């Protein structure tokens, strides 16, 4: 991926995370839990479904017959038709192959992006309270009960509340 998170500095995904696309597995004095980030998850889903709508939006054009499956048309004009149709088939086969490859690349990078967006947000919440691991993990110096970790998930975590103690715990 372009943003270096998925299949990147995050070594692998979680099969236990069935609740969303992106989430947190915490660890503390009270033990391990897990959850899902709705906001991030929904932003990928809504973008992805936006692509789908776009490619299912096909009010098509009418085409009629110009040849005859029961009573072959005159041969000259038959070969011109077949040449044209085969040329159009080639264009569309190319177009479809390119569209999906082009789209699939973006999808993969787009999901990679959203993970990185969530990551950096969190980093931005814990100003000098936590430090970076590198596996996709924030080691917290001050302690955090299940109330703390839920405060981070809710965007309510206050860095100034636990500042001095974590700072010194360095």
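Residue numbers count along the first chain shown, from 1. Think of the rigid core as the biggest set of C-alphas that the two forms share within 1.5 Å after superposition.
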Inset, instruction - After fitting on the rigid core, pick out whichever of 50-58 or 100-108 shows the bigger RMS C-alpha deviation in 5 other deposited structures of this protein. - result: 50-58
Legend entry - Rigid core superposition result in 5 other deposited structures of this protein, more deviant of 59-67, 28-36 by Cα: 59-67
Inset, instruction - Between 23-31 and 108-116, point out the one with the higher average CA B-factor as the PDB entry records it. - result: 23-31
Inset, instruction - Using only the Cα atoms and their B-factors as the entry lists them, report which of 12-20 and 146-154 averages higher. - result: 146-154
Legend entry - Residue with highest C-alpha B-factor in the PDB entry, from 70, 63, 141, 38: 141
Legend entry - C-alpha B-factor winner, where the candidates are 128, 46, 103, 57: 128
